[PDB]
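Some notes on the structure that comes next.
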Amino acid sequence: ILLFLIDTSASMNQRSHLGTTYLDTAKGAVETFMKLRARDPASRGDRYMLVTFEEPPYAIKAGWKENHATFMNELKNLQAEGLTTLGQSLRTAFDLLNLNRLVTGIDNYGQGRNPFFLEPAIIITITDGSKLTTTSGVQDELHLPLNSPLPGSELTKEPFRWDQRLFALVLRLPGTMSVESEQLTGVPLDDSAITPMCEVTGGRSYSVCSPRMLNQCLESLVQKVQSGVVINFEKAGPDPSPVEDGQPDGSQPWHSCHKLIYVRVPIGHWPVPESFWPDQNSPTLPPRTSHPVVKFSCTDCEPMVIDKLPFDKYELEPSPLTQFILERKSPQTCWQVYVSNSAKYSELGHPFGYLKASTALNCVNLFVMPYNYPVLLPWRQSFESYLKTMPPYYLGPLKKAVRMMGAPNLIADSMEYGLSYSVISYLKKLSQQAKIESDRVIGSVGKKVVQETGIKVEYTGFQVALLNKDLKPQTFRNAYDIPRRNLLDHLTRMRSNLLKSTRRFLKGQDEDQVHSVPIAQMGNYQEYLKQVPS
Amino acid sequence: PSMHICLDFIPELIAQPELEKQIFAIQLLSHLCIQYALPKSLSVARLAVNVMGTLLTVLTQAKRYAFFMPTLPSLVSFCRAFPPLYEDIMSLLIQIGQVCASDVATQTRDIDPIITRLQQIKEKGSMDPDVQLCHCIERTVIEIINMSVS
């Protein structure tokens with residue numbers, strides 16, 4: 001799923017050095033991105049959406065239940081007229097991407113946080129350089145407005161989601177020559193108000209300066225689409241305890257890269273449950289975070305973990321692997337990882353996995369382990385006392401693995417909270433109704449706005465008409481659509497047309513055809529008694 | 001004598017996206033007001049003055065010239081037929097005049113009608129369209145003054 005955000009604002013009317021405006025260059029770049037992505041044999045399941053800088057009823061051009069034909073037709077007729085309302089457009093796009101999330105089961109907020117339930121989405125937000133306006137002045141903060149929150153959105157406290165990356169294109173093409181071609185293989189950043197918003201999600205922001213640089217950035221962007229598993233790392237709290245082959249001193253601490261969870265839907269178990277201590281009676285649930293604040297500690301702690309535990313291959317995208325490569329990729333050794341923010345009743349973090357590398361030393365495998373592996377792996381009334389340290393709802397998925405061996409547990413203590421189940425079906429129904437109402441009025445514009453609003457300065461109610469583009473005057477049916485110049489000739493033409501008594505008469509003077517004239521479409525409505533047997 | 005009924009579709013003729021239809025409607029209403037004097041005629045004339053005043057700020061120079069060249073004698077006849085409209089018309093004229101005062105000073109000209117402010121009317125060729133519009137406004141104001149004074 002790819003949602004292209006093209007502003008089509010009035011500031012996108014300035015002409016480049018090639019002769020076309022920035023909007024035409026953006027549309028051409030989108031078309032070349034389409035034809036480049038079509039090369040990879042994986043573009044048979046994705047869906048394209050379009051978002052412009054227009055009113056909430058008119059911002060979306062093609063959303064759910066819209067094929068490629070209507071999407072291309074809407075992107076073709078894009079007009080650059082309006083202000084640069086970036087915040088409202090980003091909010092509308094994020095709400096559109098989060099319409100079918102509370103109904104299928106993604107981010108249920110009650111049963112862990114399953115990383116194998118993915119809904120990838122990439123935003124391009126092709127906008128102008130700077131100087132965004134909000135009908136009052138020029139702002140320099142880019143704060144997303146919060147006026148009408150969706151039902152069930154206060155449990156994340158952030159507009160974007162687990163898998164929602166945000167790339168940006170500014171299209172800073174000069175007007176005279178664009179002769180800046182010193183650095184060949186180098187794509188700098190835009191350094192604008194959208195740069196922090198993009199970096200928070202996990203995607204960079206390109207700075208287009210030349211058509212060659214545009215082609216380079218488009219060819220570099222097609223290689224950044226996969227399953228979205230974005231997790232945040234922190235150096236705390238080990239004081240860079242990497243004393244293995246050298247001495248530490250770094251910027252590879254707050255790594256917020258993605259992870260490629262390739263399927264073999266995705267197959268996996270043992271998710272990151274949450275970051276708080278869930279109580280048995282809690283009417284209000286604390287809001288989750290889109291990026292989990294999980295921290296790693298550099299300790300050997302028996303990296304050899306061999307068992308019949310179901311295996312996972314959530315591949316990690318190499319972005320800050322320099323710190324690992326400095327220590328020879330940690331051969332035959334790993335380092336634990338633990339989620340912060342009160343992972344248990346009374347403690348600060350519980351190691352639930354590690355980041356052991358592969359034998360090929362190519363990337364990090366991201367070995368996800370159970371909540372507390374070094375205890376259950378090595379019954380004398382031990383498991384009954386051990387199952388009290390883990391979160392309650394967490395007994396859900398692990399028991400499935402126990403199904404591979406037997407079934408000692410039951411549904412006696414399989415209860416998260418009596419108040420968490422309530423006020424959940426109503427929120428899901430409200431979200432479904434909102435998604436249906438949004439998908440219903442998605443393409444039907446029905447503007448019907450043509451007036452001059454004649455002010456005084458039949459009274460207080462007059463309004464002069466405006467020039468209608470698609471008027472289609474009926475010359476043979478309506479007599480008012482016949483001007484004075486070609487009146488007598490048109491009169492004789494109408495007379496001859498009425499006195500001819502032909503078959504299948506029409507009221508159009510000369511209606512040649514539409515913009516498209518297909519050969520197969522016209523040849524299908526015919527009959528040819530021939531087969532060419534010879 | 002059956003022309004008064006045309007008033008019943010004079011406003012409908014004004015609300016048209018074509019400037020020629022609006023100009024013809026304004027001229028026809030001007031002639032109907034200089035011929036017939038009725039309260040309905042006064043209301044339609046006031047509506048025409050309003051829609052002409054609101055069209056000054058939504059038309060370009062090339063269209064403003066072509067729309068305000070024929071429609072000034074209409075204002076002259078409106079003043080001749082309806083005294084209470086005088087002020088309004090004057091105000092309107094002033095506005096239009098000031099607009100022309102900003103159109104001539106924009107681009108260089110050949111006659112420079114700005115210094116011609118201290119000139120008098122003399123009883124009774126190819127030039128600039130803005131200068132022609134200024135001269136037409138001045139002439140129509142002169143005719144309105146001569147009609148009201150005499």
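Chain labels A, B, ... are given in the sequence in which chains occur in the structure tokens; within each chain residues are numbered consecutively from 1, and ligands are likewise numbered from 1 in the order shown.
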Task: At most 10 Å to chain B: residues in chain A, only C-alpha atoms, as a VMD selection string - done: chain A and resid 450 to 460 462 to 468
So that I have them on file, write out the residues from the current selection with C-alpha atoms, as an mmCIF file, in the first residue's frame.
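Output below, filename selection-v7.cif:
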data_model
loop_
_atom_site.group_PDB
_atom_site.id
_atom_site.type_symbol
_atom_site.label_atom_id
_atom_site.label_comp_id
_atom_site.auth_asym_id
_atom_site.auth_seq_id
_atom_site.Cartn_x
_atom_site.Cartn_y
_atom_site.Cartn_z
ATOM 1 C CA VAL A 450 -20.737 28.981 -9.205
ATOM 2 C CA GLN A 451 -21.650 32.489 -8.050
ATOM 3 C CA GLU A 452 -20.183 35.988 -7.919
ATOM 4 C CA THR A 453 -21.906 37.130 -4.684
ATOM 5 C CA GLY A 454 -22.973 40.584 -5.861
ATOM 6 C CA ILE A 455 -22.680 42.859 -2.822
ATOM 7 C CA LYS A 456 -24.723 46.010 -2.276
ATOM 8 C CA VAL A 457 -21.973 48.298 -0.916
ATOM 9 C CA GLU A 458 -34.243 40.604 -5.547
ATOM 10 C CA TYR A 459 -32.162 42.383 -2.910
ATOM 11 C CA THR A 460 -29.596 40.570 -0.740
ATOM 12 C CA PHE A 462 -28.678 38.030 -6.218
ATOM 13 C CA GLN A 463 -25.531 36.296 -7.459
ATOM 14 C CA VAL A 464 -24.065 36.488 -10.955
ATOM 15 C CA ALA A 465 -23.197 33.199 -12.627
ATOM 16 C CA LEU A 466 -19.685 32.022 -13.479
ATOM 17 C CA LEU A 467 -18.181 30.424 -16.571
ATOM 18 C CA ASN A 468 -18.991 26.704 -16.584
#
Task: residue 120 in chain B surroundings by only C-alpha atoms, 12 Å radius, close-in-sequence under 2 positions cut, as a PyMOL selection string - done: chain B and resi 116-118+122-124+138-139+142
Include N, CA, C and O atoms and write out the residues we just selected as a PDB file, in the first residue's frame.
ATOM      1  N   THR B 116      -3.447  66.348 -16.777  1.00  0.00           N
ATOM      2  CA  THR B 116      -4.632  66.978 -17.345  1.00  0.00           C
ATOM      3  C   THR B 116      -5.738  67.202 -16.318  1.00  0.00           C
ATOM      4  O   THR B 116      -6.869  67.510 -16.708  1.00  0.00           O
ATOM      5  N   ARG B 117      -5.442  67.043 -15.025  1.00  0.00           N
ATOM      6  CA  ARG B 117      -6.450  67.271 -13.995  1.00  0.00           C
ATOM      7  C   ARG B 117      -6.922  68.719 -13.992  1.00  0.00           C
ATOM      8  O   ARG B 117      -8.106  68.994 -13.764  1.00  0.00           O
ATOM      9  N   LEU B 118      -6.015  69.658 -14.244  1.00  0.00           N
ATOM     10  CA  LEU B 118      -6.357  71.080 -14.272  1.00  0.00           C
ATOM     11  C   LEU B 118      -6.751  71.534 -15.673  1.00  0.00           C
ATOM     12  O   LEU B 118      -6.197  72.486 -16.222  1.00  0.00           O
ATOM     13  N   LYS B 122     -14.100  71.423 -23.472  1.00  0.00           N
ATOM     14  CA  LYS B 122     -14.212  72.233 -24.678  1.00  0.00           C
ATOM     15  C   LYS B 122     -15.435  71.774 -25.461  1.00  0.00           C
ATOM     16  O   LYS B 122     -15.510  70.612 -25.877  1.00  0.00           O
ATOM     17  N   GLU B 123     -16.387  72.683 -25.658  1.00  0.00           N
ATOM     18  CA  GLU B 123     -17.608  72.354 -26.381  1.00  0.00           C
ATOM     19  C   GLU B 123     -17.309  72.211 -27.869  1.00  0.00           C
ATOM     20  O   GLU B 123     -16.766  73.130 -28.491  1.00  0.00           O
ATOM     21  N   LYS B 124     -17.662  71.063 -28.440  1.00  0.00           N
ATOM     22  CA  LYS B 124     -18.300  69.985 -27.691  1.00  0.00           C
ATOM     23  C   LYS B 124     -17.402  68.754 -27.634  1.00  0.00           C
ATOM     24  O   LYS B 124     -17.877  67.622 -27.738  1.00  0.00           O
ATOM     25  N   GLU B 138     -14.658  60.838 -17.692  1.00  0.00           N
ATOM     26  CA  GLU B 138     -14.756  62.289 -17.563  1.00  0.00           C
ATOM     27  C   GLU B 138     -15.914  62.840 -18.384  1.00  0.00           C
ATOM     28  O   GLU B 138     -16.676  63.690 -17.908  1.00  0.00           O
ATOM     29  N   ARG B 139     -16.072  62.355 -19.618  1.00  0.00           N
ATOM     30  CA  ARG B 139     -17.144  62.840 -20.478  1.00  0.00           C
ATOM     31  C   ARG B 139     -18.512  62.495 -19.907  1.00  0.00           C
ATOM     32  O   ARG B 139     -19.418  63.335 -19.912  1.00  0.00           O
ATOM     33  N   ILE B 142     -19.282  64.715 -17.092  1.00  0.00           N
ATOM     34  CA  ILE B 142     -19.633  66.040 -17.597  1.00  0.00           C
ATOM     35  C   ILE B 142     -21.079  66.065 -18.076  1.00  0.00           C
ATOM     36  O   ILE B 142     -21.822  67.016 -17.802  1.00  0.00           O
TER      37      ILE B 142
END
Open item on the list: Can you pull out the residues contacting residue 29 in chain B? Cut-off 9 Å, using only C-alpha atoms, and skip same-chain residues under 5 positions away; I want them as a PyMOL selection string.
Closed with: chain B and resi 6-7+10+24+34+41+44-45+48+74+78
Just the selected residues (N, CA, C and O atoms), exported as an mmCIF file, in the first residue's frame, please.
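Output saved as selection-v4.cif:
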data_model
loop_
_atom_site.group_PDB
_atom_site.id
_atom_site.type_symbol
_atom_site.label_atom_id
_atom_site.label_comp_id
_atom_site.auth_asym_id
_atom_site.auth_seq_id
_atom_site.Cartn_x
_atom_site.Cartn_y
_atom_site.Cartn_z
ATOM 1 N N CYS B 6 -40.083 43.152 -20.448
ATOM 2 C CA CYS B 6 -38.693 42.717 -20.485
ATOM 3 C C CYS B 6 -38.011 42.902 -19.138
ATOM 4 O O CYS B 6 -37.075 42.160 -18.811
ATOM 5 N N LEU B 7 -38.475 43.869 -18.340
ATOM 6 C CA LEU B 7 -37.951 44.034 -16.988
ATOM 7 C C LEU B 7 -38.007 42.724 -16.214
ATOM 8 O O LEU B 7 -37.067 42.381 -15.487
ATOM 9 N N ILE B 10 -34.877 41.016 -16.884
ATOM 10 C CA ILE B 10 -33.641 41.793 -16.950
ATOM 11 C C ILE B 10 -32.637 41.272 -15.922
ATOM 12 O O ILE B 10 -31.467 41.071 -16.276
ATOM 13 N N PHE B 24 -25.566 44.182 -22.693
ATOM 14 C CA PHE B 24 -26.842 44.398 -23.364
ATOM 15 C C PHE B 24 -27.973 44.557 -22.357
ATOM 16 O O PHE B 24 -28.873 45.382 -22.552
ATOM 17 N N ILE B 34 -35.077 55.216 -18.802
ATOM 18 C CA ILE B 34 -35.232 56.536 -19.400
ATOM 19 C C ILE B 34 -36.571 56.659 -20.116
ATOM 20 O O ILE B 34 -37.015 57.776 -20.406
ATOM 21 N N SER B 41 -38.783 49.493 -11.688
ATOM 22 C CA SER B 41 -37.670 49.916 -12.529
ATOM 23 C C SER B 41 -36.537 50.490 -11.688
ATOM 24 O O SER B 41 -35.361 50.241 -11.969
ATOM 25 N N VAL B 44 -34.719 47.529 -10.047
ATOM 26 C CA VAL B 44 -33.874 46.813 -10.999
ATOM 27 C C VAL B 44 -32.658 47.654 -11.374
ATOM 28 O O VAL B 44 -31.558 47.125 -11.567
ATOM 29 N N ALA B 45 -32.824 48.977 -11.455
ATOM 30 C CA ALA B 45 -31.687 49.847 -11.741
ATOM 31 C C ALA B 45 -30.686 49.843 -10.592
ATOM 32 O O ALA B 45 -29.471 49.854 -10.820
ATOM 33 N N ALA B 48 -28.797 46.689 -10.844
ATOM 34 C CA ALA B 48 -27.820 46.775 -11.923
ATOM 35 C C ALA B 48 -26.603 47.587 -11.503
ATOM 36 O O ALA B 48 -25.467 47.226 -11.829
ATOM 37 N N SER B 74 -25.238 54.229 -19.747
ATOM 38 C CA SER B 74 -26.295 53.625 -18.945
ATOM 39 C C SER B 74 -26.390 54.289 -17.577
ATOM 40 O O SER B 74 -27.490 54.575 -17.093
ATOM 41 N N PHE B 78 -29.406 56.445 -16.024
ATOM 42 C CA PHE B 78 -29.914 56.118 -14.694
ATOM 43 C C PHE B 78 -29.977 57.360 -13.817
ATOM 44 O O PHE B 78 -30.937 57.550 -13.061
#
